[PDB]
Structures are given as structure tokens and as C-alpha cells.
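First structure 1, then structure 2: two forms of the same chain, each alone, as C-alpha cells.
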Structure 1
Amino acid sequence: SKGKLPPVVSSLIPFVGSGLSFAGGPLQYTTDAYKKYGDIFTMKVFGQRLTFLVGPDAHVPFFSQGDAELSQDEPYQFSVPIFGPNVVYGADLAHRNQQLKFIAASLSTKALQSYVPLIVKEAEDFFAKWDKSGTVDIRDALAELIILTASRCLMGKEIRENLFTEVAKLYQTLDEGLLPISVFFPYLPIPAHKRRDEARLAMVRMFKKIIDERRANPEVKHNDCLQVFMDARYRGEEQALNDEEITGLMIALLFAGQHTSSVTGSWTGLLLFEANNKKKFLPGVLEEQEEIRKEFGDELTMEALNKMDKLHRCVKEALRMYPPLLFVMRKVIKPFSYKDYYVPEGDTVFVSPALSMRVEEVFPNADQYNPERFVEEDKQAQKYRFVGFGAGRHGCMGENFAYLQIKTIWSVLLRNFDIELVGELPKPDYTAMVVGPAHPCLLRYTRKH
């Protein structure tokens, strides 16, 4: 008599946990919860339980288990239309695990040995272009260098040299496709998603061409991830990876490595040149650069980079204080116990590298910049204290690439310019999934004789 209900279009209940990456940086809030309730606690949002694990002990059930006990599928569902069909989190475990091993081959110690001269030259040529003096937003600059370097190392000479502007524009459109809504409704047909999908298709076409040329000229042999991906084969399967899968592995490596590396490289300098940090730590860093030039010569090689321990510790301490990924997460498949507690099937568990690395019993004076704290850590064997790169079975495969990229950046900058922080240390910017220093992150450079 009153009437019937209108038609219901759909009834959606998305996974809420991925939303924490777009919550505006609730570190103080979650830290207050940790100080009051201890190292394991739960928030419920829309009835979904989100269970946080803070510090090295609580880290264990998160990093020590594997794919049978903890799932990455829901947390990374956002990435499926970004990387493409049947790539990584859009692949079944059988195929995904193989793809992760192809990626591991491309980022192996051996692969890095061949990339380092390319990374070094891309850096030297980049900073050559700079005037006798000036100012720079390093977050913007390093983002430019790091996409340049990755086009060379990952995508190969043909793209880097001919099609760089084209490929950086495509990557940029993909990236602009990842919005807060995107982690709930990855297939929502909004304009930024439509533009993401077009860009992915355009990247597959660009790589089809290169792959096809290299197939038709198989004598040649090439120094890059693309080559590794063209030579990969799944167990029991005659065929190479198709064009969509190879391109998808490349987009995955850019999403994993571009903003993470550029922001950490940005914080490393922003923190080192802040006036009081600079007085205490810049002397050791410059001195080390002098001793290394003495022992290994002036050219920058893998061997010299591997001994820049003080520089290494400046990067690492930037990462400890300002980790680019505030949360990592998993859906609980098999319940577990931690101290007197049970964590049920269906919870989403979290580790915050930001929270866990401000724990005062782990890292004394957690809020002070002290790169030399790592001298003592190097003696420690307790697992999961430093977790900026994650850990265990899905720990960062790019960690050594990132350290080489960042140390190469700051070795070339330190050798060629004298540097000062304009203004106060930036604050973090919580606008995107990857957290970086707020614009402006201005530095002053003058060339040094």
C-alpha cells in the first residue's frame, strides 16, 4: 500500500584494511593505543577486525609465517588493474610464486653488478646538467633521476634512449590512477581508472615492439630486467611470458621501487643537512668518501659503494624514522596465538614500520637522528627490529638496489656540491600511499672546486 522499494543496483562490502594507507597518517593515534593497551590490539571498522602487532616479539607471527597462514590477496587487490591480468596479485599462487622468482633474478646480486655502472653514469650525467649554483626540490629531482635510472636498468637501452618521455608519461598516468577510492573499488569506472587502463595498454604496445625486435635479432643479448623476463619460463610450459605479463612485471617494479626509493633518498639528505644533524654526522660521511676515493680510486664502483658504511647508516636512519610504507598487512587464514591471545581467522593483521621503529626499548632515543646507533645494532641478532623493508618471505627484493641507487645519488652529490637545507625539516606528507617529505623540500647547491 505504501509502495515497493526502489531497485537495488548492488550490495557491496569492500575490504576496509587497505584504507589505512589513506587515513592521513594516524601514527599518534595508533601509538596512544599501543602505550595503553600494549603490543597487540584490535580496531573494528564496519565490523572488520584490524589487529595491530607492535615491536619485535609481536612481529613474529606476521613475518615468520607463509602463504598458507597469511594472505596478501585482499590487501593488494588494488594493484590488479594496475599491473594487469594474471600478473602477481592477479595470478594464482603457483604462477605468482614463479613470477616473484623471475623478479628475484632481476634484482639479484649478480644483476646488480651489471646495473651499477649504468646507475652511476645516469647519476653523473644528471647532476652534470646542474648550474654552478641554484636550488632544488630534491623530492622532485630524485623522482626524475630514479625514473630515468629504472627505464635504463629495468626497461633497457632501446626504451631509455628513444622513448623515455613517452614511458614516464605512461607511468605517471598509472600512478595518478591510484586514489583513495581505488583501494576499495579498483574496477570502479571513474575517469582516473579509465586513463590508468589506457596507459597500461599503451605500455604493453610499446614493449610488444621492443620484445618483437629482440626476438627477431636474438644474437644481441642485453643488460636489463627485460632480458630476464624474456628468458623466463614457467615449469612445464614451452612458451615465454606473453607481452602483458612482461609489461606487468615492469609496472610492478616501478610501483615497488620508484616513490619508495625517491622519498627515502630525499629524507636521507633532508635529515643529514638539517643544521645540528649536519654538525654531528656530515664530517664522518665526507671523511669516509675521502678514504674510499683513496683506497678504490675516484670512479664510483660497486665495491666502493659496498664500503660506504656511514653513508649506509644515514640512509638506514632516514628509513627508520620516516618509512615510506606506514603499514603492511595480511588477512589471517590460520588462527594463531601470541602471548595469552588468540587471533582469529578473518582478522587483518598489521605491522607498522613507523610505530615499531619508534619503540624506545628497541631503539633508545627513538625520536633522535642518530645513524651511528646501527654500529650496535650490527651486533644484535633478534629478528624483526628494523622492518623498513619488511621481512621474511615477502620481504623487499629491491632492498640492495635501493641502497645502491641512494648511496650512488648521495656519493655524486657529496663529491660535487656543498649543500644546505633551506628552512626547517619538512614534515611528512600523508597524501599518497607512499609517505614522503612535504613540498617544498628545498636544498641549496653550490659546485665545489
Structure 2
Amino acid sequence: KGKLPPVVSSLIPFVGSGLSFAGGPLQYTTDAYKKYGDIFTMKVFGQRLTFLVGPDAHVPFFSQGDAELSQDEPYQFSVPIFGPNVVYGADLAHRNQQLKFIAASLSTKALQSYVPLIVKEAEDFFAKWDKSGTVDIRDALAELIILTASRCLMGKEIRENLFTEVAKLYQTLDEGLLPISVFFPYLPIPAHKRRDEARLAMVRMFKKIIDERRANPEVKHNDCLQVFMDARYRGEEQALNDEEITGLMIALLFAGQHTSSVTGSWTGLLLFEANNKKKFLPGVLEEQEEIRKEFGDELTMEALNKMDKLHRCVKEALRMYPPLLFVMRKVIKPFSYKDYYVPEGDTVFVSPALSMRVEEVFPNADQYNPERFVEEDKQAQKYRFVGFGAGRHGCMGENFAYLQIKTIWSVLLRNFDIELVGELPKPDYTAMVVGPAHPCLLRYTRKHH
């Protein structure tokens, strides 16, 4: 020992926190921070869960690598969803390579030639609205992101032919992921048997396409799938098999939908809220106008990357309502932070939500102020904002996401007047995909296309 961080109280034998933590996750971890500060521990059926709040506290979590902090135990729910030997079900030698291949397929070189695809989809999608009306922005953006992701991740075969079949197989997999599924990933309920069956179907679907492509050698494709098909395990001629390629597909597909789709929605919902509109919208519209002068009606990456004021509106919707509540590692080598000592065996927690609501980090943290990031971007200290994580395993889609969300909102900002229906949605912290609560409504008054 050295000094163990404060165990959070509870009078209920054996379960301890558990019942209070599940149902109230953000609220309970938040009250723990006020009671026990920076770093604290929850016992639930004798599992120590140590929590880290604020930049000083994050440093043990994001600095250490794989032989000091492991991802496999607390991300085991992913394994039957993605498949055997995929990502967190893969041995570190095999995993980090796959993670390298994922990085290639979402690199700035790859993302340049995805932007046209991203833009076209966004544009064809929003064309098909009326002169006027009212949508659920969450639903709408959810539809579009899977649709473009279908093309960018999976290819155009899958896009033009097989989309609604894929959108079906996916809906199953998100339906085989319940609270219960994170605790017992292979529990033989029906939802998991649908899921297990779906995943096996999606493998067979991608079998069709890879056979096709290898029988037509020279025809070039521009998608993630093509990168994965040409990925090769170091030393080994080996080369990924079909079951593995789908897993990565399924993994990235999931990413789009569990996160891009919800901050996507948040950005708009927050921007077009009437006090947040009266202050931060004009600045964004003048930004579009000044970008249109330099580049024209076209959206290219070059244009999108200059959209700094909008970029911030996205980054602030991520600061306030980040889609993933916890990131997690089981501790291998023990470690120290302040006077305290975290021992081998504990699962350590960081809460993007909570750490980004800390006053001494973000002054006025309950307020929407995108332009807080003008000075924040200059700050020296690592790990203040954590929406996309950090370190050896920070997000690899952060560019892709900012791109896709900006595309959506540029295309929307330009072609429509938008207004928030009713008052701002509450967040759904106690749900599987932590979004805004329906009805997430926007009235659209079009203007002059």
C-alpha cells in the first residue's frame, strides 16, 4: 500500500454502490466527486472502481501504455458484437496492427477523398426536405451518418445495392447491446442470439463483396474496406480474413452511430436555442459567407478546415454532452497519483462528461460558450478537454467526425433558416447511446436554395 483513495460509502452489503450507480451513473459519480474529490473508489460485489476527475487526475490514465493499463477486461462487451480476433478481442501484437490499419483508413490523406462522398450524401439528403416543415434532428442525422458511413467505410456496392439490409443487420446489433450485455456479454438471451446471428449474416454479406473485388483485380475502390483488404500483418503474408474485416467495419459503423450522430445533433440543438442563437450564430453565418467568397459554393476539406467558429460550436456540444460517459482500464502495474496508490486489479474510470464540467478547468462549464476554446486552445496543460480521449488510444475518428458534423451543419446553415422547437432537450444519461432525449425537434424554414 501507500494510501488507498477514499472508498465511496454505501450501507448495502455485497452490492454496495451498484443499485445506486446503475440508474444515476453521471449523477452518482458527480456526487462522489463533491464528497471525495479528485480520486475515489466504488466497491460493487468486491470490485474496486477507481475514478479520476480533472487534468491532474487524468495523467496516470492517458500516459501509461498497454503493459501498465489494459483495455480488454472493461471493453469485453465489444467482442461478440465485432467478432473473434477483432480489436479488443485480439492479442496485442495483432490488435495494435489493426489499430494501425484503422488509422490509415481515417488519415487526412484518406479523409480528403471521402469529403466529396460525405458532402454529396449530405446534400442529396437535405435536398429531399420540403420548402418548410419540422424534423427530429437526431433521427435525421442518425439516418444520414449511417448512410454516408455505409459508403465511406463499406464501399459503393454496399451503399447502392445493400444499404437497408445493412441498416437492418446493424439495428439488430445495437439491439443486442443492453445494460445486461456489458455485464454478461454471452448470456444466452434472444437479443444476443439475434445479434450473434446478425454478425454472422454481415460476415456472409461482406464475403460476397471481397470475392467480387478479387475477381476484378484492377478496379480501384475508395473506402476503408479497400485499406483493410490490402492490410498485411507484419512478417506474415497472412493478410486479414473476412470475419476480421467485418468486425472492423462493424466497429467503425458503431462509432459513427453511437457518437457522431449524437454530438452532431447537439451542435445544432444548442446553436439554434434562442439565447445561443442571439449570440453565436451571426459569427458563424459571417464565417460561412467569408468562406464562400474564397472557395465558392463547394465544400472541400480545405474549406471545411477553415470553419473555426463552427468547429468550436461542435467542440462545445462535445464538451457539454459528450456521447461516451466513461472510458476505462483494468490496472496491471500499480501506480501513484498524489499521496495515493492505485493497486493491480482495480478498474479505473475517467468521465469525459464530468471532467469537462469542472469549474477550475472550464469556467462557467454549465454555459454554452463555443468561443471559450479560443484561449483554451492556447493553454499548456495536457488533458483538460477529453471528449476524444488521449494518449496511445485517443480517438482515431476525431477528424472524420468534425468533418462529417461540419459538412452537415454547413449544408444546413446555408440552405435553411433553423429554429429550435420547444425548449432544449435533456440528455439521456441512463440510456445505451447517451444522446439528447426525444423529441429532438427543429423547425425548418428554407431560403432560396
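Numbering for residues begins at 1 and runs along the sequence of structure 1. Each form is matched to the other, and the largest set of C-alpha atoms that superpose within 1.5 Å is called the rigid core.
- Once both forms are fitted on their core, the CA shift for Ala438 between structure 1 and structure 2 remains under 2 Å.
- In this overlay on the rigid core, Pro26 has a C-alpha that sits 2 Å or more away from its partner position between structure 1 and structure 2.
- A movement of the C-alpha atom of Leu425 falling short of 2 angstroms is seen between structure 1 and structure 2 when the two forms are aligned on their rigid core.
- Superposing the rigid core and comparing between structure 1 and structure 2 gives a CA shift of 2.3 Å at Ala240.
- Overlaying the rigid core between structure 1 and structure 2 leaves the Cα of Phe327 displaced by 0.7 angstrom.
- On core superposition, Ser11 has its C-alpha offset by 24.9 angstrom between structure 1 and structure 2.
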